[PDB]
Each structure stands twice: as structure tokens, then as C-alpha cells.
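Where a number appears in this text, it was derived from the coordinates with a stated rule and is not lab data. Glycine also receives a Cβ, built like all others from the backbone with ideal geometry; neighbour counts cover every protein chain displayed.
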Amino acid sequence: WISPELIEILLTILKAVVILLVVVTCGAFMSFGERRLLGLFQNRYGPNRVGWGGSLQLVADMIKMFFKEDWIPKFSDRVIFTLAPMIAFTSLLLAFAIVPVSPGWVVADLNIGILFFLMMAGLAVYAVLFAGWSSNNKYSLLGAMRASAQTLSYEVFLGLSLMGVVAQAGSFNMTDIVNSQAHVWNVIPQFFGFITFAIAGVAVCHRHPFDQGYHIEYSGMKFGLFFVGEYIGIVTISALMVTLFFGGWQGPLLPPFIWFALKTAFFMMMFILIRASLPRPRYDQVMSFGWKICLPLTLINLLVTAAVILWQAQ
Amino acid sequence: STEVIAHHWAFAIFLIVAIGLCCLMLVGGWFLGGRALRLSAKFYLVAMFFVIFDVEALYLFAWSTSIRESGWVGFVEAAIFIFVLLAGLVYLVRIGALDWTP
Amino acid sequence: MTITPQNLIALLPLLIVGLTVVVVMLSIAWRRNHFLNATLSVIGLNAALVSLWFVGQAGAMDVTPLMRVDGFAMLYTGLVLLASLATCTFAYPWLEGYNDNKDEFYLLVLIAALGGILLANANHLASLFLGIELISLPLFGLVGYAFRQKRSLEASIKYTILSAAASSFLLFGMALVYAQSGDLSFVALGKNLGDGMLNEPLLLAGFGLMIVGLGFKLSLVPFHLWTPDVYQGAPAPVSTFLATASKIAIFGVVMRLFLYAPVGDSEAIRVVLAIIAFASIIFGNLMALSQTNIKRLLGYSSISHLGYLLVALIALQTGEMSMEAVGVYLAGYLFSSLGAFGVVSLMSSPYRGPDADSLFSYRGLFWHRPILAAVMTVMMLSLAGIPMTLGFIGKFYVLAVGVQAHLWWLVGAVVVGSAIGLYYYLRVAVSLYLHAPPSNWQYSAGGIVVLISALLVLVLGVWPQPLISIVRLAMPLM
Amino acid sequence: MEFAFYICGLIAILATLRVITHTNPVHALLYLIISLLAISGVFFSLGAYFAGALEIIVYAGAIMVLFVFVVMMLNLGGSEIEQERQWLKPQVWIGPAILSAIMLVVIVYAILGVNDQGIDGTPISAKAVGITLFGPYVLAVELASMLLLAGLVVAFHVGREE
Amino acid sequence: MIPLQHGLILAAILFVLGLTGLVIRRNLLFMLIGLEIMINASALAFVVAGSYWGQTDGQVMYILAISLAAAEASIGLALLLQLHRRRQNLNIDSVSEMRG
Amino acid sequence: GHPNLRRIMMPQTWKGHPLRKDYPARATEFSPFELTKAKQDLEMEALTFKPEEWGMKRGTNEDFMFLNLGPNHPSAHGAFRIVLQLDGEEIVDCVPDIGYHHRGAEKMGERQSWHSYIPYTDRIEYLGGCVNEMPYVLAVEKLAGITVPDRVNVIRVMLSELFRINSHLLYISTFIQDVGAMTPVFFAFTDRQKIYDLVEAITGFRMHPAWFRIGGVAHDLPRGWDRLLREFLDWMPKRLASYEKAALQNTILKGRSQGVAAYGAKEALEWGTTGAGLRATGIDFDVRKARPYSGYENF
Ligand SMILES: CCCCCCCCCCCCCCCCCC(=O)OC[C@H](COP(=O)(O)OCCN)OC(=O)CCCCCCCCCCCCCCCCC
Ligand SMILES: CCCCCCCCCCCCCCCCCC(=O)OC[C@H](COP(=O)(O)OCCN)OC(=O)CCCCCCCCCCCCCCCCC
Ligand SMILES: CCCCCCCCCCCCCCCCCC(=O)OC[C@H](COP(=O)(O)OCCN)OC(=O)CCCCCCCCCCCCCCCCC
Ligand SMILES: CCCCCCCCCCCCCCCCCCCC
Ligand SMILES: CCCCCCCCCCCCCCCCCCCC
């Protein structure tokens, strides 16, 4: 069984498995780091006793949530109730699945790329919809209608925000996107695309300030699945933002993984800072900002990007 | 090529391991531990606007990957497309279709 | 193939009506004004109608890998634009009594007119499909415009469900045709077959599925059951538009498709279309014998007249005046349906609420409305094939076309259906004069439109030579 | 390549068959979404990558979301639907199923008599689709935008609450 | 190496299944669902036909097909919401006011 | 002539009237049967809700829905219910369901001595403390004919103003948190900890000092109170400006708060509204100036 083809296949499989394991542990440790960073922002310490520096708090949470009594409501649909955390985890996980972390270190070098990210987000809205329906509660139903309306109102321009980087790269591939950032990172030309993608990625992750309850009927491992899927999705959006607007793994001196991890961790810290600082806007202004402002901004940005590209092509 | 079939195997392993990992943690959560309003039409309007603008967005998705090959003629065609889309959006905004509170 | 300035000036009615749609939408978004929006709509449609003359100056050519502009496109674009202008003119007094928003009606009429112009200019399967749906969806809006009324909502639901099913059938048929052929151009549907294997099973089945879809769209038997209910439930200007513009545009694109496709010469398709036309004439004439409602009777009339049109369609590959006969018949049928449904709309205007009935009560119309009764009986005699009417000239053209191609079964069907149509049309025209027990210039404009249609039918029935010369001048590309 | 096509086609057929014979609207829409995912897998196995991408982005990401939105808006608890079982009585479904089966055999006989060298499965990228879309199909794009606008206007006019 | 006939057979099977669901179901919602299945099957047939010939025409016609499908689904759901608002039921056989 | 004279403090299925002299003040024996049946009415209250019981009319037209916020709110203002008549998201009728926090403080006042009732006066407004103790001991001193010396007046004014600053800081923090910004409540609770340090030094307790007495205060001021007061007075204004610039000048908070539930002088006068609302209606009425007490004229 000694052959270079089988060795390469096993090595690529191990690389994908390593990427997935690092992502799930990074999401869980980022929930712990969200707690710690909220403590740091709010002039306190946070969890720092369970193990060295609180690093074993996540293990305690996992053990508690595994050994808690699993509950499914008596008057609820079992399949949909079980299937909502499945979507909330796996949809944005496989949205991460296209992100290139290093040259030669990728899971799938697809020809669609952030198109596949859009498929995964459109699948991810079903988690909120299914959790609202399967709870058999009208309060959670109305909350899910509101949350799904918000996520639709911002997914309506998520892809059009990514279209500026698509136009400047000329292809849907992520490797071509990070190769086109060899001189100037995409945050400089596609700045409006950058802010609109930031707002859209914040909104579709059900995070501050675009949130709300449909979580009340879940408990035990299903609530933990929703939680870790939310943080894994924040990791996914941060890494996609790094690979789309900040060159990804490209850097002058450090190894490419060091630059990619530094930019990703900076965007996670910026997520926690956004949660700590900004207040909650009301529904009407949130939907008005999603529709009236960001979508025409993305359309005008795409038009200006096309005009600049065709002007620069002699 | 060896690289492409290796990449397909890696993607298949990623999908299978992710789905099976979430299923396994669901099974473990189920296994461990002992035991003891009328909705308005504004949601429909918002979802329908999302659907229509998502199809116009898919047209723009198709255009954006081939801007250089289409030339200035494709830019003109997409300009009329985006102008019609923005006229529709302005029409929706000005009649109160996108306003939640009356 | 790219677009030239010559291709742009050949695109003038499409661009003008689209710019009218954008301008009307921006006017609605600025301030809801019924009069201003209707004026902008009719000015845009008239601008397209007069830019047809510049299109005729530009000549006949192929504008797209999709569209082709020639005299065929000129004639059918003019018919569709005239139908849309008459629809707006009849729609304003009906919309004067509407409590809800009125400006969306003209937007939908403009978009449906755009779809009709695209169907007139269509030289592609994609363009044919897009024109069919661009006609259908505004008709979904207009049929159920008065959705509070039960009849209009029911007609909208029936039309939407059945047209979605027929669009699925038509798209599956185009998919089978494209799988057989490999090119979606009209001329290339059968160019890859020779030496007597034109009757390929996949191509025949695909063309049969689009025949099903178009026979729904043309109220052909046995896809005709929607016609009286949708005609009755919809508003009367919507009934006018659905009777004239949609049928004219779809039959024009069917004419162009069957003329340009080499598989239209195949005998099995011609025999199937002969059976469809025979059954359509017989059924649409027999089913209107005992109708007390003018809208259902006019729907069965539309079924029978489209059967006569299909009879003229069958001899397209044999005769030489078959498309000329179709043009003359379609002009006469446009004017006949315009006059009849305009009289119906002027009696049904303004909209007197959704809870009140829209009953016609045509008995004794002469004793309070003499001019409208005269117009209505003129159009009733025109639809019967009675002489000194344009409908008689169209019926004579259909009869000559059927005589040329030895389609004697279809000719006997035309004679029998003409007798039955004579019975019910004369019953309506004589019920107008029995005994039974406005105030704005838009209503006067609608009355002027129906009076001009009646006078045009009378003059071109007495003297049909200018219309024949105009239709012969609309020569398509061989 | 062909393995994925056959498995996804069988999954889509089974899911649609469970769609048309189900009483729960949400379960029917879930099986419909599963069939859409399988049909997009069929698309990806045939090289039409843009077709599958738009199948899950739009067909399984906008249209089915709208259907689930409407279903949960109505709060359909199967009133006079779950308690009827009308489509499962053989006197109702034997006729239409026989008719659809007859049409299926006719279409299959038509399909089996065409030239077929097979599908090579070469991936047609979205770049070529966008080149053809804004090249030889400009009027298709503009009038499709017009059609989407018309559908939006009609659905706004009909689905208002007042 | 996949035959075109097998893809066309799959599309035909899905089309007649959607039509059967459109016919035998008295609910308007399941009728719209069956309509969605039929138009998706037609789009699948167009994609298979386009990929057999190696052309982008199939994908372009699919794009037009799903634009129509999205618009038609929106229209039918608006009409369904109007029917459920003004009649409190989705019985398609009970809405038969005009006939003959 | 009352539109709806139902019980507001006790539940509707309560026998007798508690503030009558023949009613026993002390707690009756507990029964799980009463609790279980009351759980049954708590279960069927959503199903058997009749708007005519609560004074609402034309309930369920069928364009109105009934919303119950309580009984437990996720806030520090207490636990209570509000039933709302709704058209979509618009409130047309609403009545609050109160009495979930009834402690019988008046009935307790009839069974405690004049001296032993002061800790009960603490827990009337539990963010007030000495502010709640002051009117009771002032009225008892009016009964006793006691004129307190000046040092007593200034000490009571000091503690009342300290607890007023504590309550105002907690109120501003909870309003900011209810808007959506959860950060400044931590810093303002640190400021409340500074106030609590001074109050612990003076009275020996944090929240309910029970330190005011009939005729004075329980102890003299501890040696070193002025140091803690000086550090607190130096600490406060920078933190106040920081909270202002962080949240009360934010445009999102202004959009959430400006123009919401506005009333004029007539509405405040006819409904007995006092304090911040009455002065926000333009009426200058503070008891510390109009009818001065505890030597407030010397400040
Ligand atoms: C709870 C579970 C529910 C069901 C979940 C899914 C079940 C199936 C799991 C096993 C899948 C096995 C692997 C399938 C093949 C993966 C590789 C692949 O698709 O390769 C084809 C193509 C390659 O692209 P490229 O390299 O660019 O090609 C150039 C030259 N070939 O690449 C592509 O075409 C890429 C695009 C297709 C990728 C599909 C990914 C999965 C989509 C479904 C997600 C479902 C999410 C959960 C449920 C949502 C609610 C229903
Ligand atoms: C195993 C028994 C059944 C077990 C339960 C069901 C599990 C899911 C089964 C369906 C999905 C997986 C099917 C198997 C895919 C395996 C990978 C494969 O066949 O790849 C081939 C090809 C790779 O790309 P290509 O460049 O064409 O490669 C040619 C090789 N030179 O691939 C392609 O070109 C595209 C590959 C397909 C598209 C991506 C994956 C789509 C997945 C859709 C899932 C739908 C929901 C299924 C739900 C099942 C449970 C209800
Ligand atoms: C990897 C992806 C994530 C990347 C992380 C880093 C970026 C995070 C981006 C977060 C974006 C949050 C956007 C919040 C939008 C809120 C819009 C809204 O509803 O505003 C309402 C408010 C009042 O509006 P009005 O209708 O006038 O109400 C007055 C009525 N009396 O209106 C106003 O007060 C006016 C201002 C509205 C908001 C403008 C945008 C502010 C965005 C937040 C600040 C970002 C600063 C830069 C952060 C670092 C970026 C690198
Ligand atoms: C938030 C970061 C998530 C990363 C997910 C993927 C992890 C893959 C690990 C790859 C390790 C080797 C990287 C290439 C070698 C060069 C760099 C070596 C030092 C890190
Ligand atoms: C043959 C083509 C049509 C020619 C014109 C037909 C008649 C049109 C209407 C003219 C006006 C008719 C007035 C009839 C009055 C009858 C009064 C009867 C009194 C007992």
C-alpha cells in the first residue's frame, strides 16, 4: 500500500481533519475568550480559576451540557426540533470549509467559493426558522419571524457586498482572491464593500447588535450546539473577511499562518468590542438601514468597481 | 490528476466528519444524564422583496465574474439593470412597503 | 452578436415602453396621481407606436441572437400597442371608482405590452418563453386587481395556477426540443435531420408539450376551460386586454415559430393541430349557445375565433397568403373584441364596489345608450362573419386559405361554427333592442374609441383593400 | 461522478414522492428542500456548477424560505386537512396517478429514441455563463429584470394587509 | 459518461410527480408546491440538455426559469394569503363561484 | 360608580380585608393544596382570560391579541404583570397587574412599636434606605414633639443625598442596559460600591441601614467619615461625565428614548405624577424647597 498517491490523499484528509478540529476548538475557546474579553472590557477578570487561567472552564461546560438531562417538549415535532441545531452548527461550519488558511493548506479549492458561502448562509436561516416552528410556542414563533426577517434583510446584500472583491479578482476562487491582493489589500478599494460585508456578517450571525426568544425551549446539548455554532460562525465570518479584504495569509515578514491567525484573532476581538460597546437599535431603524442604505451602497459600489476596472484595462 | 481526487476526498471527509461529529455530540447529549397571535403580512412582504432582489442579485453575481470580458457594453447593460433595480427599490421605499411601523 | 446603433434604433418600441415603465414608477414613487400616471402611460405607448415608423425606416434585420425585426414585428407590435392604449382608455373610468391604489394598473399594462412587443420580435425559444411570462404575470396582476371581489380573486387564482402549469409544460417541451436539436434558434429546430427523419420522437414530444402550453395560452381545446371563468371574473378592461393583446402576441410568435422551424412541415404536428382547431371551433361555438353572461359568451367566442386562426395556421407551409390571412383576421378580431369589450367596460364603469355585482343587463341598451348599443350590435355582426364587416373579410381569408390546402374538414367546421355563432351573436344583437325596466371626458374618450373601432370595422368591411395592402406590406424574412 | 448523479437523483425522486403524499406542510417543505439539495448535487455532477449554486442559493435559499415563512405565518395545524386523508383514498389518486404514469411512459419512449453520446461532465464555469448572459442574451437579462419587477409589484398589490 | 437519456428520464419523473401532487391535492399550498416541483424539473431538464451539448444556453435558460419560478411562487403565495385572509380556508374546490 | 372595583393587592380569591382591625396580621399556616390549585388557575389563566374581568372591552372584531409580560421580568425593578390589548405591534388598551410584591407594611406598622418599625420603613423603596427612613422618623418626632438639633439634620441630609445618588446611579445604569448598552452598569456599580463603603462605615450596613432614630441617629459619626466622603466626592464627577459621553449622548439611545411616552403638565397633575416626570413637565415642585424639611433651607 506504499504509494505516493495514497500518501498524498491521506495527508490531505488529515489536513482537512486538522483544520476542522482546530475550528471547533477555536469556536469553543472563543466562547470562553468572549467571556474573558467581556471581562477585560468591563474592567474585571472573568473566568480564571478553572484550571490555569480558566482554560478548563470549557471542559466543565461541555461535561455539564453532555450530562444534563436531554429534553424534547411533549407537544413538539421531534425531527424539526432536533434538526435546528444541526443546521445552526453545520451550515456555517461548511461555510468555513472553503477558507484558505495557507498556501497548500485548504479543504476545498472550489470554483464557486463565496458562492458556496452564500449557499451555506441561505441554508443557515433554516436553523432559526425551524427552532421557531418546532418550539410550539407563539412567543418563540414571533421571535423567529423577527430574527429571520432580519437575516433575510441583510442576506439580500451580503453577496452584493462580496461582489466588489469578486469583480476585482475576476473569479469566484478564494485562492485567486488572495492572489489578487499581492500589492494592495481589498479593504482599500472595496471599503464600502468591507463595511457592508461587516454589517451583513454581524447580522446573519444573530449577534450584537442585530439580535432578537426562540432559544428558550432548547436546553442541554442542543443549546450548546446553538452556542458553539454561533461562535464557529463568528470564526467563519472573521476568516472569510480576512481572506476577502485583508489579503488572507499574505504578509511581509511572519509566516503566512501567523498573519492569517493574527488578522482573524483581531477580527474576533473586534467582534467582542462591538458586542461590548454598541447598544441595541430598534427593529424599524435596523430594517430601514438594511434595505434603504446598505443595498444601494453595494449596487453603487459594484458599478464604481466595474467602471474603475474597465477604465484601468487598456 | 492526483491533486484533484485528493482534494475531493478531503472535502468528502470534511463534510462527513462535520455531520457525524454534530450527530455524535447530539447522541451523546441524548445518552448521558438521568431523568426526573396572528402574524401580519409585512413578514411576507419582506421575504418576497428578499426573493426578488436575490434573483436580481444572482444576475449581478453572473455579471461580476466576467466584467473584463463583457467590456463597456456589458457595463452599459448592467447599468440599465442596476438602474431598474434601484428604481424598483425607490418605488418600494416611497410607498411605505419597506416601512414596518405605519 | 453585439448591438449596433442600427440595432438600437430597431429596438425603439421596447426601449420606449421600458423607459415609460421606469418613468411611471418614479412618478408613482414621487406622488400618487392617477391622471398623471395614466397620461404618462398613454404618452409612452403612443411614442412607441409612432417610433414604429422610425423602426420601419431602419429596415428589417436580426437584433440579437434572440430578436428579429421585420414587417411581421411591425404589424404585431402595432396591434399590441393599440390594444394596450385601448385598455388604458377603458381602464381609467373603471379605475375612477376604485377605492384602493389605481396607478399599478398602468404599470402592469405597460409591462404586459412590453412582453407583447417582445413576443412580436421573438426569434428564439428564450425570447418566446420570456415574452409569454412577461405577458402572463401582469395579467396575473390585472385579473385579480379587484382582489376584494370574490369573482376576480377566483379568476386570478385559476389563471395563475393554470398558467404556471402551462409554463412548466412549455418549458419542459423547450427542454426536450433543445436536447434534440442543440440550438435554441427558431430556424435551427430540425436542421440536424434530413432524408425523411424529421419526425424524431423527442422533438415531436417537446413540440407537443409547447403545443399544450400555447394552446392554453390561445384557449384551444382541450386547454380552454379557464377562458369563460377568467374572462368573467377579471375586470372588463382586463378582459379586453386578455382577449386582444395576449392572444395576438402569442399567435404571432406561434406563426413565426411554425414558419421558421423546419419541423413545422411535419405531418403529425399538422394533423394534431387540425384536430385541435376542429375541436376548438366546434366546442367554442357550441358552448356559447345558452350563455346569459356576455363575458363567458365572449370567452367561447375567443375560443372559436382562435380555432379559425389555427385553421388559417395549418396551411402556412402550403399556401402563400396564410400569414397574410392571419394578419387580416387578427386586425379584424382586434377591432371586434376592442369594440365589444369596450362597450362592456363602459357599462361596467365606474367600479361600484367589490360587494356589488357587475351584471351587464344588455337587454334594452338602445333606449338609454343608443350609440353604445349601435357599436355593440356592429361588433356582434362583425364577430359573426356577416358581410360589410372586417370579421367577414377575415373569415373569407380563412375560408380561401382552407380551400387552397384541401382541408375540407376544417372548412366544414368553420361553416357549422359560423352558423352557431350566427345564432348566439344575433341573439345578443337583437336582445340589445328589446324592452327592459360618465360626465367626464375619459368616458367620452372610451366611447370615441369604441365608435372609431366600429366605424373602422364598417369601412374596412365595405372597402378592405387598404388593410390588405398594409398586411401584405408587412412581409417577414424568408 | 455518475455515482453522485444516480444517488442524488434517487434521493430527489424519493423526497418529491414523500412531498406529494404528506400532510404536514413543514415536513413537506423539508422534504422539498432535501430534493432541491439532491437536484443541486445532480447539477454539480454534470458540470453545471452555476446551476447548483443558484439552486441552493435561491431555490433552496429564497423560494423555500418564502414558503416556510407563509406556512408558519398561517399556523397551519391541519384544520380540515389532517383530519380528511382525502388524497390517500384510492378513489381519488388512482386516476391521476395512472394518467401521470401513462404520460411518463410516453415521454420515456420519446426520450429513448434520441441520439445520445453521453455527457462528458466538463465543468461549465460561471464565467462562461456570465459571458453568454451579458453577451448574446442582453435583452433576456433586461426583460427578466422587468418580469421580476412585475412580479414584485403584483405581489405587493395583492399581499397587503390594510 | 453519464447518458443524457437518464437525466431526461429523471426530469420527466420529477415533472409527472409534481403534476400528480398538483392534481390530487386539494390544498392551494400543496398545489403551489407541486407547481414548484414541475418548474424545477423543467429547469433540471434544461440543465441536462445544455450540459449534454456543452453550452451555456442550458444554464441561461435555467436562470430565466428560476427567475420565473421565484416570481410565480411569490404571486401564488400572495394569492394564497389573500384567500386565507378573506375566506379563512385554503379549499380550492370550495372556490368555484362561477361555472358553465 | 367605579368602572371596575376588583382587588389590586390580594388575589381575587381572597377572603376578608387585611387592613381591618379584626384581621390577623401574622402569616397563616402553609398548605400545598392551596399552592397546587393556585398553580391550576395560573395554568388556565391564559385560556380562560376574559377582558371584562380586567375592565377591557371588545376583547378578541378579532383584531386584538392579549400579551402578558410577567410575572418575572429580567430586571431589578421587581416582578409584575401587564396585560396588553394589541393590534399587531400597537397597544390600544393595557392594565398593570400589581400586588405581587405586597408585604403588609401598614399592617406591620400596626403591630410594631414606634422604634421597631424603622427596619420595615427601610424596605419600602429598597434603593432608598435612609431616604425612606426620614419621613417616618420625622412624623414620629412630630408626634413626640421633638425638635432635633442641627447636627442631626445635616447627618440625615448627608445620608439621604448619598442614597439618592446611589438610587439615581442604579436607575441610569438600568435604563442604559434596557436600551442595550451593558457596559456602564459595571462601573456605576463600582461607584455604588464606593457609596456602600461610606454607608457601611457610617451605619454598619449596605442597603437597609436602619440607622435613623426617633430624635436622632443610632450612633455618632465614626472617626474618619470625612476622608471617605472626600474620596467619593473626588471620584464621582469624572465617572459621571464618562457615563454621559458613553451612553446618554449616544444617538441610538436618544432615538430609543426621545419622544417615547410623553405627557404634559395636565396629565402629570391629574395622575399624581411627582419627581422627575412632574418637573420634566415644567412644574417646579420639589418638597426640599416648597415645604422644606430636615434643615434643607441651609443648603
Ligand atoms: C444533516 C445532514 C443533511 C445532509 C448533508 C449532506 C449529505 C451528504 C454528505 C456527504 C457528501 C460527500 C461528498 C460529496 C462530494 C464533495 C466534493 C464535490 O462536490 O466535488 C465536486 C466539485 C469540485 O469542484 P472543483 O474542484 O472546483 O472542480 C474542478 C474540477 N473538478 O465541488 C462542488 O461541486 C462543490 C459544491 C457542492 C458541495 C455540496 C456540499 C453539501 C451541500 C448540502 C449541505 C446540507 C446542510 C445541512 C442541511 C440543511 C437543511 C436541509
Ligand atoms: C452512501 C449511501 C447513502 C447514505 C445516505 C445518504 C448520504 C448522502 C448521499 C448523497 C450525497 C453524496 C453522494 C456521493 C458523492 C461522492 C463524491 C463523488 O462522487 O464525487 C464525484 C464528483 C467529483 O467531481 P468531478 O470533478 O466530477 O470528479 C470526477 C472524478 N475524476 O462529484 C461531483 O461532481 C459532484 C458530487 C455531488 C455534489 C456535491 C454533494 C451534494 C450532496 C447532496 C445531498 C442531498 C441531501 C441528502 C440527504 C440524505 C438523507 C435524507
Ligand atoms: C467580520 C465581520 C464583522 C467585522 C467586525 C467589525 C465591524 C463591525 C460592524 C458593526 C456594524 C453595526 C451597524 C449598526 C447599524 C445600526 C443602524 C440603526 O438602526 O441606526 C439607528 C440610529 C437612529 O436612526 P433614526 O432612524 O434617525 O432614529 C432616530 C429616531 N428618533 O441611527 C444612528 O444612530 C445613525 C448611525 C447608524 C449606524 C451607522 C454605522 C455604525 C457602525 C458601527 C460603528 C463602526 C465603527 C468602526 C469599527 C471598526 C471597523 C474596522
Ligand atoms: C483561527 C485560525 C483557524 C485555523 C484553522 C486551520 C488550522 C490548520 C493548521 C495548519 C498548521 C500548519 C500551517 C502551515 C505551515 C507553516 C506555518 C507553521 C507555523 C504555524
Ligand atoms: C350590416 C352591418 C351593420 C350595419 C348597421 C346595423 C345597425 C347598427 C345600429 C344602428 C341603429 C339601430 C337603431 C334601431 C332602432 C329600432 C327601433 C324599434 C322601435 C320599435
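For C:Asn46, the conditions (1) under 26 Å from the mean Cα position of the chain (by Cα); (2) within 14 Å of chain B (Cβ to nearest Cβ) are fulfilled apart from (2). Within the option set D:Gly77, D:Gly52, D:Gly47, D:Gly41, being within 7 Å of another protein chain (Cβ to nearest Cβ), small (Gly, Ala, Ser) and more than 16 Å from ligand 4 (Cβ to nearest atom) holds for one residue only, D:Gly47.
Kindly establish whether B:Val27 is out of contact with any helix residue (DSSP H, G or I) (no Cβ under 8 Å at 6 or more places or on another chain) and either more than 9 Å from chain A (Cβ to nearest Cβ) or part of a helix (DSSP H, G or I) (or both).
Yes: the conditions hold for B:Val27.
Could we say that D:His22 is more than 19 Å from E:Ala49 (Cα to Cα), out of contact with any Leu (no Cβ under 7 Å at 6 or more places or on another chain) and either within 12 Å of chain A (Cβ to nearest Cβ) or within 16 Å of ligand 5 (Cβ to nearest atom) (or both) here? Write out each step before concluding.
Values: more than 19 Å from E:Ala49 (Cα to Cα): yes; out of contact with any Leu (no Cβ under 7 Å at 6 or more places or on another chain): yes; either within 12 Å of chain A (Cβ to nearest Cβ) or within 16 Å of ligand 5 (Cβ to nearest atom) (or both): no.
So D:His22 fails the test.
Quick check: is even one residue across segment B:31-41 assigned to a helix (DSSP H, G or I), in contact with a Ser or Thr (Cβ under 9 Å, 6 or more places away or on another chain) and more than 16 Å from ligand 5 (Cβ to nearest atom)? No; the residues of segment B:31-41 include none that is assigned to a helix (DSSP H, G or I), in contact with a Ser or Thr (Cβ under 9 Å, 6 or more places away or on another chain) and more than 16 Å from ligand 5 (Cβ to nearest atom). Taking segment B:78-102 as the range and being closer than 30 Å to D:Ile131 by Cβ and within 9 Å of chain C (Cβ to nearest Cβ) as the test, the residues that pass are B:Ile80, B:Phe83, B:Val84, B:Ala87, B:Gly88.
Taking segment A:207-314 as the region of interest, the helices (runs of 4 or more DSSP H) fully inside it that hold 3 or more residues being more than 30 Å from A:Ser135 (Cβ to Cβ) and within 14 Å of chain B (Cβ to nearest Cβ) are A:295-312.
Filtered by the rule that a residue be under 18 Å from A:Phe226 (Cα atoms) and more than 25 Å from the chain's Cα centre (by Cα), segment A:61-75 gives A:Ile63, A:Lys64, A:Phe67, A:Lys68, A:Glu69, A:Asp70, A:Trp71, A:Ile72, A:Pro73.
Only a single item in (1) of a type in the set (A, V, I, L, M); (2) more than 10 Å from every other protein chain (Cβ to nearest Cβ); (3) assigned to a helix (DSSP H, G or I) is not met by C:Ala146, and it is number (3). Checking the stated criteria, B:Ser40 turns out to be out of contact with any helix residue (DSSP H, G or I) (no Cβ under 6 Å at 6 or more places or on another chain) and away from chain C (no Cβ under 14 Å).
For D:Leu30, the requirement of being under 17 Å from E:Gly34 (Cα atoms), at the interface with another protein chain (Cβ under 8 Å from one of its Cβ atoms), assigned to a helix (DSSP H, G or I) and near ligand 1 (Cβ under 10 Å from one of its atoms) is met. Answer yes or no as to whether A:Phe89 is buried (at least 19 other Cβ atoms within 10 Å of the Cβ), away from ligand 4 (no atom under 16 Å from the Cβ) and within 12 Å of chain D (Cβ to nearest Cβ). No; evaluated as a whole, the condition is false for this residue. Based on this model, can you work out whether C:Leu359 counts as of a type outside the set (D, E, K, R) and within 29 Å of C:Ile468 (Cα to Cα)? Answer is no for this residue. Based on this model, can you work out whether A:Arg275 counts as more than 20 Å from the chain's Cα centre (by Cα), of a type in the set (D, E, K, R) and within 11 Å of ligand 3 (Cβ to nearest atom)? No: the conditions fail for A:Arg275.
Considering segment A:68-80, the residues that are of a type outside the set (D, E, K, R) and within 11 Å of chain B (Cβ to nearest Cβ) include one that is farthest from ligand 1 (Cβ to nearest atom), namely A:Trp71. From the list C:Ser349, C:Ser361, C:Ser336, the lone residue that is more than 16 Å from ligand 3 (Cβ to nearest atom), surrounded by 18 or more Cβ atoms within 10 Å (Cβ to Cβ) and either over 14 Å from the mean Cα position of the chain (by Cα) or among the charged types (D, E, K, R) (or both) is C:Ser349. Just one of the listed residues (C:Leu114, C:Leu118, C:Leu134) is crowded, with 24+ Cβ neighbours inside 10 Å, at the interface with another protein chain (Cβ under 7 Å from one of its Cβ atoms), on the phi < 0 side of the Ramachandran plot and in contact with a strand residue (DSSP E or B) (Cβ under 8 Å, 6 or more places away or on another chain), and it is C:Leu118. Consider C:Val378 carefully, then state whether it is away from ligand 5 (no atom under 16 Å from the Cβ) and crowded, with 18+ Cβ neighbours inside 10 Å. So C:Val378 fails the test. Determine whether D:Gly151 is more than 14 Å from chain A (Cβ to nearest Cβ), within 22 Å of the chain's Cα centre (by Cα) and under 30 Å from A:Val128 (Cβ atoms). Against the criterion (more than 14 Å from chain A (Cβ to nearest Cβ), within 22 Å of the chain's Cα centre (by Cα) and under 30 Å from A:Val128 (Cβ atoms)), D:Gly151 qualifies. Only a single item in (1) away from chain D (no Cβ under 11 Å); (2) more than 16 Å from ligand 3 (Cβ to nearest atom) is not met by A:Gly122, and it is number (1).
Among the residues of segment C:365-387 satisfying the criterion of being among the small types (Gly, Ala, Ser) and within 16 Å of C:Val449 (Cα to Cα), which is nearest to ligand 2 (Cβ to nearest atom)? Applying the filter and picking the extreme gives C:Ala373.
Let's see how each residue does on (1) assigned to a helix (DSSP H, G or I); (2) within 30 Å of C:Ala288 (Cα to Cα); (3) of a type in the set (A, V, I, L, M):
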position: E:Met38; (1), (2), (3): yes, no, yes
position: E:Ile75; (1), (2), (3): yes, no, yes
position: E:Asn89; (1), (2), (3): no, no, no
position: E:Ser96; (1), (2), (3): no, yes, no
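Here D:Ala128 clears all of (1) touching a strand residue (DSSP E or B) at 6+ places or on another chain (Cβ under 8 Å); (2) not in a loop (DSSP other than H, G, I, E, B) except the condition numbered (1). Note on segment F:224-299: enclosed helices (runs of 4 or more DSSP H) holding 3 or more residues that are away from ligand 3 (no atom under 16 Å from the Cβ), within 23 Å of the chain's Cα centre (by Cα) and more than 14 Å from chain A (Cβ to nearest Cβ) are F:265-270, F:276-280, F:287-290.
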